[PDB]
Amino acid sequence: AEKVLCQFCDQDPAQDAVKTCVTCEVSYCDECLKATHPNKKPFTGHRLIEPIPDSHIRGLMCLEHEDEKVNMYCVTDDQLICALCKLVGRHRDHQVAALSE
Ligand SMILES: [Zn+2]
Ligand SMILES: [Zn+2]
Ligand SMILES: [Zn+2]
Ligand SMILES: [Zn+2]
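Residues numbered from 1 in each chain as written, not as in the entry; some residues may be left out. Chains lettered and ligands numbered in written order. Heavy atoms only, no water.

Taken together, the protein donors to the zinc ion (ligand 2) comprise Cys21 (SG), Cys24 (SG), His37 (NE2) and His46 (ND1), at separations of 2.1 to 2.4 Å. Around the zinc ion (ligand 2) sit four donor atoms, and with donor-metal-donor angles ranging over 84 to 119 degrees the site reads as irregular. Counting gaps between the donor residues of the zinc ion (ligand 2) yields the pattern C-x2-C-x12-H-x8-H. With a gap of 22 residues between them, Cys24 in the loop between β1 (19–21) and β2 (26–28) and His46 in the loop between α1 (30–36) and β3 (72–74) connect regions that are remote in the sequence. (Donors = N, O, S within 2.8 Å, 3.2 Å for Na, K, Ca; no water. Tetrahedral: all angles 85-135°; square planar, octahedral: opposite > 155°, others 65-115°. Helix = DSSP H or I, 4+ residues; strand = E, 2+ residues; numbered from the N terminus.)

Note that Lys40 resides in the loop between α1 and β3. Spatially, the C-alpha atoms of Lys40 and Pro13 are 30 Å apart, while their sequence positions differ by 27 residues.

It is worth spelling out the UniProt feature "binding site: Zn(2+) 3" in the protein at this point. The positions UniProt marks with the feature "binding site: Zn(2+) 3" are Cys62, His65, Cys85 and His91. With respect to the helices, strands and loops of the structure, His65 is situated in the loop between α1 and β3. Ignoring sequence-local partners within four residues, the contact set of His65 consists of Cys82, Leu84, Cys85 and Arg90. Structurally, the position occupied by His91 is in the segment after α2 (83–88). On the basis of relative accessibility, which here comes to 6%, the residue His91 falls in the buried class. Filtering out sequence-adjacent residues up to four positions away, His91 remains in contact with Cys74, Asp77, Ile81, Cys85 and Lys86. (UniProt positions renumbered as here; feature names shortened; annotations may be inferred. Contact = heavy atoms within 4.5 Å. Buried < 20%, exposed > 50% of the residue type's maximum accessible area, 1.4 Å probe, protein only.)

Put into structure tokens, the structure is as follows:
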């Protein structure tokens with residue numbers, strides 16, 4: 001398992017980061033994410049990497065990439081991303097894992 005634990009967790013044992021805020025430039029778990037991002041909506045003026053909006057059917061799409069769906073995974077963020085994100089550079093130096101021939 002290559003999942004990063006919530007570095008900003010003080011539960012003992014601590015939790016694991018499943019989400020990441022881009023505007024914060026840090027990866028945290030849902031718990032912390034709850035405190036850091038207080039109720040306000042529609043999204044507390046904070047963006048993320050492939051969030052979980054009211055829209056739910058099968059999978060999830062990127063922030064602004066409908067033509068390209070998420071088919072990659074980022075470790076530093078512990079979330080799912082799209083190859084187009086890793087190409088542009090948003091996740092170039094990021095340690096991800098993709099399929100292999
Ligand atoms: Zn946490
Ligand atoms: Zn944030
Ligand atoms: Zn990343
Ligand atoms: Zn993307």
